[PDB]
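> Please find one structure pasted underneath; my questions will follow.
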Amino acid sequence: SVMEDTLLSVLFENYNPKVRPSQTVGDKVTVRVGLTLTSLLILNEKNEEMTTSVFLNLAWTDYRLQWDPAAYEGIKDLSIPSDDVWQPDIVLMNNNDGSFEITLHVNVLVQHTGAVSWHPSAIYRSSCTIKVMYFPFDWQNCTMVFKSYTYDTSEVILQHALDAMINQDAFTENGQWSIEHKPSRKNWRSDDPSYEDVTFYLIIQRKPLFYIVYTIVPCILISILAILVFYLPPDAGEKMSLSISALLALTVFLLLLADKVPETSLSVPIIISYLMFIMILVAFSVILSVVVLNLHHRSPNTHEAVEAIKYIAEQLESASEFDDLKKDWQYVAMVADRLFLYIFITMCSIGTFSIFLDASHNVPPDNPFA
Amino acid sequence: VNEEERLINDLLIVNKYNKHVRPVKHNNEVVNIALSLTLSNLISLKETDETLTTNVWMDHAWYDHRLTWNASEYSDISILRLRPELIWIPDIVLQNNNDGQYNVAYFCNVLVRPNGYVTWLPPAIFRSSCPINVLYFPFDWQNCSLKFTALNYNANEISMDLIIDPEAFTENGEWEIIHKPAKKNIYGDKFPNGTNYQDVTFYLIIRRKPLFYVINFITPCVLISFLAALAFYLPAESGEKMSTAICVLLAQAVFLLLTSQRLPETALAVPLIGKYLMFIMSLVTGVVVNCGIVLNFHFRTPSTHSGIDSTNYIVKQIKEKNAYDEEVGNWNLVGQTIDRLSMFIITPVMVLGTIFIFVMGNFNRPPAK
Amino acid sequence: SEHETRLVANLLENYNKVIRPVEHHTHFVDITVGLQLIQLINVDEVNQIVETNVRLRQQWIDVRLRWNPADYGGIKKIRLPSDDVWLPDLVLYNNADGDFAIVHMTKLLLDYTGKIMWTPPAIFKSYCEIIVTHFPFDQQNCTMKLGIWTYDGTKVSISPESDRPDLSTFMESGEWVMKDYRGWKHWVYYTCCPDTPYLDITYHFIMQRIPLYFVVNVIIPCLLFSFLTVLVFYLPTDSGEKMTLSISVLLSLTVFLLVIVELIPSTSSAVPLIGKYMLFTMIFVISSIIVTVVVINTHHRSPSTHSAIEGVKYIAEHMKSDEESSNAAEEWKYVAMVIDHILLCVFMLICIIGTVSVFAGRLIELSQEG
Amino acid sequence: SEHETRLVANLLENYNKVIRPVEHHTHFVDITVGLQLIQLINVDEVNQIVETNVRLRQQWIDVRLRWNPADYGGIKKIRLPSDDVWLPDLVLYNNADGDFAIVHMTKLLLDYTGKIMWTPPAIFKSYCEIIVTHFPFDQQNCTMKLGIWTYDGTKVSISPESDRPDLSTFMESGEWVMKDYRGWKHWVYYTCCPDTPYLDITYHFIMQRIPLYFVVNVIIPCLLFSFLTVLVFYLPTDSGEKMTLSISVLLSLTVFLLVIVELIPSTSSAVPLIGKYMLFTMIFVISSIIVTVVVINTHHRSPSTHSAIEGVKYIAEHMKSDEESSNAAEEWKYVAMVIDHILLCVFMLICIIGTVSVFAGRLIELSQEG
Amino acid sequence: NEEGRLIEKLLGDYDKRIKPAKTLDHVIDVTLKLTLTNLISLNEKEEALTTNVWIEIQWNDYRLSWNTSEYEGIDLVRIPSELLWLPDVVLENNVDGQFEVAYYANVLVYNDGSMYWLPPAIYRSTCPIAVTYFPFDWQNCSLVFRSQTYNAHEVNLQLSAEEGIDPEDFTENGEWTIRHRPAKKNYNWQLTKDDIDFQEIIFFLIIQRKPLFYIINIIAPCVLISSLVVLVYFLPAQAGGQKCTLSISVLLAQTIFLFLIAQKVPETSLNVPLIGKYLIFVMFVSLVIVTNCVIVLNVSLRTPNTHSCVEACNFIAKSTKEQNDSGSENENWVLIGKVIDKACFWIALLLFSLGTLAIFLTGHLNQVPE
């Protein structure tokens, strides 16, 4: 009773819905912003698009809602729909690639002397620079800048919790990636009067090892038929034609591979590294098989009286066997041996190279997890 | 007329009743709210990303003490309707599966009992991120966990107490629903200094996998395998089909490669385990290897891959001479090795082929354990 | 004039729309519903989706709408804005995949008496069985039930009105054809609850599907592939000298149909059918494989066809006689006789299992055709 | 205090939001537009659709917003939310594919005098020419008109604000590159009506396309194929032993060219390139075609290649000699003299066609690069 | 000039949902017209389209002719949507999607009570293009639209030219073309048996398409293909013995290419419309290509196999010569190529005929509808 109807009344009589919990132009209302992440569902590492979900915990004080006996001293804590406070119509300078879901228009926790607690989980369409640099083992970092899209920091100050909180705090276990750390730094670019956005850093690490495995098999298994086509010559010289069949076959195979590679990066591309040199490794088996094909080509051919008849017989046979013996002199196997071992150098050299680069790529550019 | 005008003016739902005020008889323990979960349908499953779109009947109950009516409300009709904006409605949040706001399970017509008890239960088209993990593929196919409850209120403003999942499991799913237990609870946490919001915890333990991919996929293996199997039987019946035998490698090779290509395609659409994916590609490689083996083994050998008297002696010379050539080749033929080859092809096919369904079983036995 | 303001004002005050014209503890609210379907713009047999239009002919009564010389007298039948009406949450039980569209904001039919109707040109997306048994020759009847959503019998009741076909306005551009369409009513009380539950209209669509496009191309490559198989068999007789050639065409053939089955899975899963069908193609074609298995295996089935001066004349003709009986040996194997049994052996067997394919295929359509 | 409540309330009462600050029958409401694309998110030249960042600077005056010491004296310039304002129905003429995004419920600033600015952070959906003339090396100028939508120069007038580049905030992630962009004003009166119609801002986007990755993959299998066809020339003249062997390649390669066709037309369908680009491939690719067919038909062009005891000796020797003849005949068929002709015949052809293909390539690259 | 009082006067009596109908037996005079401006999506196989229509709306309601303070002030007024009778437009046969931006826009009230309004609308529709619209003779797109609310005994729509156009702003990036746009104003009475006519708006659109790009992709390949097979056909006479199988390699290659085509463009017609006539010539000119093609191997399949001590021994050896000669003789009577050579000219003129039959007829199906 104690002026309850009265209080109750006066409050709703004088209280202003559309007003800011501050008095004039000054230090403003110090709103607390801090989100406990739920998990993340889709990383479009290719366009640098980020759809995650977290809690929008906001909290500041409404010294305009401090109650009295019944709602203050009666029930120190009571729930009341928002819709009555300035809400950070927050957009993300890079990210905020789309609207809020479970972000605004939801109830809030209002304390006795005016404290306000609003904890809503939400899904948000963002876009961070995971750029086409989300695959190097050295990976990269990003700028996630949150802030309102009609307000300018003049009638409120934004403030954070931790900066180490981490993003693996609610990292998706469903992620083909992994994370090292999440930096959180408060910002106010001076290119705009409006103090604004906060930059949040993603020192992301995404190592999904699954198909590069059977990709290796091509390179090496194709090599099987490759070393084979380079081995088949002094193995079965008649490989002559069958050889060409091999490369038709070998080339179509690698071209189909050419088919799956562009359409697969089509959703998760970054530096060429792997492709850069396998591209070379490609060109390598490609041309090596084709010049060996020219190795194959280079051969212009390969690619008394009684006794007289006898004598005429003696000369017939012998005469042309030298001729076909000439073909021997012409297609001997010197080259095959020499370049099948130049094949030895080439393929085992260029092989242990990307082997190496790849080797160097996973270990060397790994520690910049920062 | 029995005080009716006056009484609903007494309730005035919106005006007299505090709809922005939840009748929890003021600050105390809580309004006894109860949630009931009944899946009406499961339309889409995504095993790979642990996401599910499913329909639920959001059966809700709580007593609206200001809702109790009198004769011209209560007894006039011991049951009547009143919209959401005129009925307190719990702010049920799909705790770990509402990362996709609820649809038409929102602000819908509710049922008004006579003594305040109210009943609101409409349809929920929802999306969830259930505990798939890369362990929602072994035969147990995990247990999908979900919690439902009134998000906003705590343990002194709300108490929610507690149906099979296959009750409305979708029959067009690529999986199988084995069980679905239901038990409510309430729980505080470390950073919170007080207990609050009670919830409906419903675990769905399921299983899935086709008996169809097995059909057209192993089918080609014993068919293809017989080619590579015959491959070694064929080197005998007629190894002279050198080039043509070579053709078949190109051909059995291109077949092999994109067959594996279709594999990841459906793969990405499905988080496949490492245990199974290897037996597939391991064994096709078994043939791939033996195709390369086919190569060499099929082209592996270095070669198989008195005057009148004077004159004819010349010929008997040329005779014998190239007879040595002729034979230098059968030296290479290597034919008493033939059967052993295809015998030691049989043995291994038996070894590995068995090794697989041997392993098939050694893991087929323990789950059935 | 004619109680001008007094008549429309009184009407608004003591009139309510939230309420339903309940008349004592009895038959519920007499709801008359029906389908008036005149267009089916889009549907997918595969996902069993249907976006069509049906004017929702509703018919029921509310005495409160009865009038005297000051509303009836004004103009017999008057059409009131729908707002004043309690609109049922009607919905497709196992369907309802979409909101009804165009029903809101419409016209309502009022009579001097009270009779009322409102046929809304509702267009919406639906969801009913078609399953893999949707498009056969023997059809399936899509079960489509419709009735009040959240209201039980104790408050509202609907009932059929007339029989009308589904083909009355069926799509002539449909990839299907109708046979019959029946709709009867019922009330569903459930063993669960002792209560008297909602009413509903159950439609059943009986219509056979499948254009003949997919058909023409399944069988053309079959006969054509049976031509090359036929060649497969005939060649060893007319040109066995191209057995290898035969090999090439089997790599050809095989890849082609292995690729044919690729199409199937895409198309089939892209357009629904009862598996029992592909079973035909399955063995029939594994038959060309099973047969080329044996036939070319059999084709390659054969070991390798897959004075003193007087003296040397004798060592010589000897040289020739040895080889001659020898060449007789390779021909000893390619007897050119079993080649004719294999094409005829299988020509009949393919003419028979083809006629077998032909059999259930035609038997099934001597069932469909019906 | 200072007429506190009397201040604020008076203002609300006599003020109609919807009223347009019309001042006598003349100047219309003078309102200026000023678009600053902060940045672009995504574009589809094929479908000529872009999602872009726009901060719309909208200016106009409402002499009704001027104040005295009780509004301006309170705090010079202040923040008043939109609603109360008459929002010009801005619209991109031949564009407009989408609603302005974040135009709604934002705020504006009123000066001690009245002058108001409305500059809400937009990003929206656009629709500009690209025609099949945008992907050219010679680009096309995206004609984009902007201006007042449903009001005339008599009721209102949209005017420009300044010059600024489009590459000022052009997307560096675009598959295209900018040349320049200018925008000048205009007033459109129609011979239709004798009246004076709306004003408009006309954008002109002059940018040339094609990211260079494409460039490398495609022209290299061409010089690739060039060498195989190059080998197609040299293989035969230096070795006609594997004519059929090359039969293979001709199959493997045009099919390679066939499958490259699926890939790049979808590119074609993926990105609108001026068709005259297509003819490059047309004759180029098709000469691979006309040349083959002749080269290989010619490759193919050749008939079959692609005392008494003493007399015995002479009837026998005579037998060896005329078959001797015969051998030379078929070789008199596949000569190595003109296969050399076709070699230089066409290689000059290829160096002609090729250098001719390089011609227009180089030529308008002499125009584009400028 | 009572400016305030007048506004306040009518608003007193101002009636919303009531039509400006003098009385009830002669309806109001409603004017409408549409100027096409965007034809956004042509999915003819499903008979649907999306267009930005200028909905020229006009009618009369002197319920607000004003005095000196509003009519005379300015013979022009722009008053909000929700403030006068509004035609809820839709295309009977087409509009399958509720209008977008076609309503809720500023209307126009001159001074005598003339009302003008014209919102732009992007919406979906379904015009003809039913197993026809792909010819050279075009199916006239007939769209009739009217208010879907009331019927012509109270409402009456007007129109204008029914002779003059759809190509007024027919899109230049359409894969088609328009040649005439007729439009009639009419009453309501359809096949379905509806009475009380509500007049509507008929939209004829007989348009052309087929600007083939795929034509010569189809035309040069087939010639190359025909030649390829004619290679198969004449190349044999030129080709060596190792060519029978040579020819085969081509069949394999020829149809690998073939059904790949069969898979390529069939896709084409499913994503876009369909028609069988043009379809018939291809597959059957294609099946004949295949036919004489396999016929060829069956042709290069046909033929039987081409697919004193001194003297006693001199006697017998002179026999192997004549003996084997009888054998090589075999070859003769077997491979005397009457059938083959003639097979070249067989397909040749047959080629000319298949071609003439087809392109001559394509000449006709472009020349009758020309």
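Here, A, B, ... name the chains of the structure tokens in the order displayed, residue numbers run from 1 inside each chain, and ligands are numbered from 1 in the same displayed order.
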Quick one: residues within 7 Å of range 50-64 of chain C, only C-alpha atoms, excluding same-chain residues fewer than 4 positions away - as a PyMOL selection string?

chain C and resi 21+30-44+114-127

> Give me the residues near residue 208 in chain E as a PDB file with N, CA and C atoms, in the first residue's frame, where near means some atom within 12 Å (using only C-alpha atoms) and where sequence neighbours in that chain fewer than 3 positions away do not count.


ATOM      1  N   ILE E 129       3.062 -20.296 -73.005  1.00  0.00           N
ATOM      2  CA  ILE E 129       4.370 -20.946 -73.252  1.00  0.00           C
ATOM      3  C   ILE E 129       4.229 -22.436 -72.875  1.00  0.00           C
ATOM      4  N   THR E 132       4.825 -24.917 -76.881  1.00  0.00           N
ATOM      5  CA  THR E 132       4.664 -24.162 -78.108  1.00  0.00           C
ATOM      6  C   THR E 132       5.751 -23.097 -78.115  1.00  0.00           C
ATOM      7  N   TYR E 133       5.462 -21.974 -77.459  1.00  0.00           N
ATOM      8  CA  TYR E 133       6.320 -20.803 -77.322  1.00  0.00           C
ATOM      9  C   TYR E 133       7.831 -20.860 -77.649  1.00  0.00           C
ATOM     10  N   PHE E 134       8.303 -22.009 -78.110  1.00  0.00           N
ATOM     11  CA  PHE E 134       9.696 -22.203 -78.496  1.00  0.00           C
ATOM     12  C   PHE E 134       9.796 -22.306 -80.031  1.00  0.00           C
ATOM     13  N   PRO E 135       8.553 -22.063 -80.703  1.00  0.00           N
ATOM     14  CA  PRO E 135       8.663 -22.210 -82.156  1.00  0.00           C
ATOM     15  C   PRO E 135       9.155 -20.930 -82.790  1.00  0.00           C
ATOM     16  N   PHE E 136       8.665 -20.737 -83.980  1.00  0.00           N
ATOM     17  CA  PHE E 136       9.074 -19.544 -84.708  1.00  0.00           C
ATOM     18  C   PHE E 136       7.827 -18.734 -84.961  1.00  0.00           C
ATOM     19  N   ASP E 137       6.777 -19.465 -84.727  1.00  0.00           N
ATOM     20  CA  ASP E 137       5.425 -18.965 -84.639  1.00  0.00           C
ATOM     21  C   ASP E 137       5.259 -18.848 -83.146  1.00  0.00           C
ATOM     22  N   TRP E 138       4.755 -17.760 -82.670  1.00  0.00           N
ATOM     23  CA  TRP E 138       4.749 -17.580 -81.223  1.00  0.00           C
ATOM     24  C   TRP E 138       3.350 -17.603 -80.616  1.00  0.00           C
ATOM     25  N   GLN E 139       3.324 -18.176 -79.423  1.00  0.00           N
ATOM     26  CA  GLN E 139       2.127 -18.249 -78.579  1.00  0.00           C
ATOM     27  C   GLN E 139       1.963 -16.858 -77.940  1.00  0.00           C
ATOM     28  N   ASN E 140       0.828 -16.203 -78.182  1.00  0.00           N
ATOM     29  CA  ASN E 140       0.577 -14.882 -77.596  1.00  0.00           C
ATOM     30  C   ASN E 140       0.348 -15.001 -76.075  1.00  0.00           C
ATOM     31  N   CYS E 141       1.201 -14.321 -75.322  1.00  0.00           N
ATOM     32  CA  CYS E 141       1.094 -14.316 -73.846  1.00  0.00           C
ATOM     33  C   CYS E 141      -0.136 -13.481 -73.527  1.00  0.00           C
ATOM     34  N   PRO E 167       7.060  -4.587 -76.140  1.00  0.00           N
ATOM     35  CA  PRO E 167       8.465  -4.281 -76.433  1.00  0.00           C
ATOM     36  C   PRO E 167       8.807  -2.835 -76.101  1.00  0.00           C
ATOM     37  N   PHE E 170      10.686  -4.003 -73.287  1.00  0.00           N
ATOM     38  CA  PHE E 170      10.978  -5.428 -73.300  1.00  0.00           C
ATOM     39  C   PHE E 170      12.501  -5.474 -73.088  1.00  0.00           C
ATOM     40  N   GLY E 174      17.048 -10.415 -72.923  1.00  0.00           N
ATOM     41  CA  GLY E 174      16.212 -11.595 -72.989  1.00  0.00           C
ATOM     42  C   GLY E 174      16.643 -12.488 -74.139  1.00  0.00           C
ATOM     43  N   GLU E 175      16.528 -13.767 -73.971  1.00  0.00           N
ATOM     44  CA  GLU E 175      16.931 -14.735 -74.984  1.00  0.00           C
ATOM     45  C   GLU E 175      15.856 -14.888 -76.055  1.00  0.00           C
ATOM     46  N   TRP E 176      14.920 -13.796 -76.093  1.00  0.00           N
ATOM     47  CA  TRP E 176      13.752 -13.766 -76.946  1.00  0.00           C
ATOM     48  C   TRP E 176      13.554 -12.391 -77.516  1.00  0.00           C
ATOM     49  N   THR E 177      12.306 -12.127 -78.045  1.00  0.00           N
ATOM     50  CA  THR E 177      11.947 -10.875 -78.713  1.00  0.00           C
ATOM     51  C   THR E 177      10.435 -10.764 -78.834  1.00  0.00           C
ATOM     52  N   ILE E 178       9.902  -9.547 -78.818  1.00  0.00           N
ATOM     53  CA  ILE E 178       8.467  -9.334 -78.933  1.00  0.00           C
ATOM     54  C   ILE E 178       8.140  -8.656 -80.272  1.00  0.00           C
ATOM     55  N   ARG E 179       6.985  -8.971 -80.841  1.00  0.00           N
ATOM     56  CA  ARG E 179       6.596  -8.346 -82.108  1.00  0.00           C
ATOM     57  C   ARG E 179       5.236  -7.644 -82.072  1.00  0.00           C
ATOM     58  N   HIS E 180       4.486  -7.821 -80.986  1.00  0.00           N
ATOM     59  CA  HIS E 180       3.185  -7.140 -80.878  1.00  0.00           C
ATOM     60  C   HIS E 180       2.581  -7.312 -79.481  1.00  0.00           C
ATOM     61  N   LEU E 205       0.864 -10.864 -75.749  1.00  0.00           N
ATOM     62  CA  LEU E 205       2.314 -10.705 -75.973  1.00  0.00           C
ATOM     63  C   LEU E 205       2.904 -11.776 -76.863  1.00  0.00           C
ATOM     64  N   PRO E 211      17.267 -16.905 -80.410  1.00  0.00           N
ATOM     65  CA  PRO E 211      18.494 -16.384 -81.016  1.00  0.00           C
ATOM     66  C   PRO E 211      19.639 -17.304 -80.608  1.00  0.00           C
ATOM     67  N   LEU E 212      19.764 -18.393 -81.344  1.00  0.00           N
ATOM     68  CA  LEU E 212      20.706 -19.492 -81.109  1.00  0.00           C
ATOM     69  C   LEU E 212      22.152 -18.996 -81.050  1.00  0.00           C
ATOM     70  N   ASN E 366      11.481 -22.032 -90.231  1.00  0.00           N
ATOM     71  CA  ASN E 366      11.931 -20.678 -89.949  1.00  0.00           C
ATOM     72  C   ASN E 366      11.244 -19.854 -91.011  1.00  0.00           C
ATOM     73  N   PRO E 369       6.827 -19.844 -90.415  1.00  0.00           N
ATOM     74  CA  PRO E 369       6.570 -18.847 -89.365  1.00  0.00           C
ATOM     75  C   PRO E 369       7.295 -17.518 -89.578  1.00  0.00           C
ATOM     76  N   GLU E 370       8.129 -17.420 -90.615  1.00  0.00           N
ATOM     77  CA  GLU E 370       8.786 -16.156 -90.898  1.00  0.00           C
ATOM     78  C   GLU E 370       7.558 -15.366 -91.341  1.00  0.00           C
TER      79      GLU E 370
END

> How many Å separate CA of residue 31 in chain A from CA of residue 80 in chain A?

18.1 Å

> Find the residues in chain B near chain A: any atom within 6 Å counts, using only C-alpha atoms. Write them as number ranges by chain.

B: 27, 243, 250, 299, 305

> Go ahead and save the picked residues with N, CA and C atoms, as a PDB file, in the first residue's frame.


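New file selection-v7.pdb:
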ATOM      1  N   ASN B  27       7.050 -12.258  -5.402  1.00  0.00           N
ATOM      2  CA  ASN B  27       8.352 -12.921  -5.182  1.00  0.00           C
ATOM      3  C   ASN B  27       8.326 -14.112  -4.239  1.00  0.00           C
ATOM      4  N   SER B 243      48.600 -54.381 -75.657  1.00  0.00           N
ATOM      5  CA  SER B 243      47.993 -53.043 -75.821  1.00  0.00           C
ATOM      6  C   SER B 243      46.556 -52.966 -75.344  1.00  0.00           C
ATOM      7  N   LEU B 250      43.778 -48.176 -68.536  1.00  0.00           N
ATOM      8  CA  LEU B 250      43.267 -46.807 -68.649  1.00  0.00           C
ATOM      9  C   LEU B 250      41.802 -46.711 -68.210  1.00  0.00           C
ATOM     10  N   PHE B 299      53.692 -56.612 -68.324  1.00  0.00           N
ATOM     11  CA  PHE B 299      54.654 -56.368 -69.390  1.00  0.00           C
ATOM     12  C   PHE B 299      56.078 -56.480 -68.858  1.00  0.00           C
ATOM     13  N   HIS B 305      57.609 -59.600 -72.348  1.00  0.00           N
ATOM     14  CA  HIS B 305      56.888 -58.341 -72.181  1.00  0.00           C
ATOM     15  C   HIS B 305      55.378 -58.356 -72.485  1.00  0.00           C
TER      16      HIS B 305
END

> At a cut-off of 10 Å, using only C-alpha atoms, what residues contact residue 211 in chain C? Leave out same-chain residues fewer than 6 positions from it and give the result as an MDAnalysis selection string.

chainID C and resid 135 174:177

> Got time to write the residues from that selection, N, CA, C and O atoms, as an mmCIF file, in the first residue's frame?


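The resulting file, again-v6.cif, is reproduced below:
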data_model
loop_
_atom_site.group_PDB
_atom_site.id
_atom_site.type_symbol
_atom_site.label_atom_id
_atom_site.label_comp_id
_atom_site.auth_asym_id
_atom_site.auth_seq_id
_atom_site.Cartn_x
_atom_site.Cartn_y
_atom_site.Cartn_z
ATOM 1 N N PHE C 135 4.830 -42.084 -59.285
ATOM 2 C CA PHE C 135 4.699 -42.076 -60.730
ATOM 3 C C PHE C 135 4.547 -43.377 -61.479
ATOM 4 O O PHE C 135 4.398 -43.370 -62.689
ATOM 5 N N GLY C 174 0.789 -31.286 -67.138
ATOM 6 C CA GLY C 174 1.408 -32.113 -66.119
ATOM 7 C C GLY C 174 2.150 -33.302 -66.697
ATOM 8 O O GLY C 174 1.783 -33.818 -67.756
ATOM 9 N N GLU C 175 3.198 -33.718 -66.080
ATOM 10 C CA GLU C 175 4.075 -34.847 -66.398
ATOM 11 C C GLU C 175 3.431 -36.121 -65.861
ATOM 12 O O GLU C 175 4.081 -37.171 -65.744
ATOM 13 N N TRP C 176 2.158 -35.966 -65.544
ATOM 14 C CA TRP C 176 1.337 -37.052 -65.009
ATOM 15 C C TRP C 176 -0.079 -37.052 -65.741
ATOM 16 O O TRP C 176 -0.312 -36.280 -66.681
ATOM 17 N N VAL C 177 -1.048 -37.953 -65.313
ATOM 18 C CA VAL C 177 -2.447 -37.991 -65.725
ATOM 19 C C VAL C 177 -3.322 -38.564 -64.607
ATOM 20 O O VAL C 177 -2.879 -39.452 -63.866
#

> State, in Å with one decimal place, the distance from CA of residue 22 in chain E to CA of residue 73 in chain E.

26.2 Å
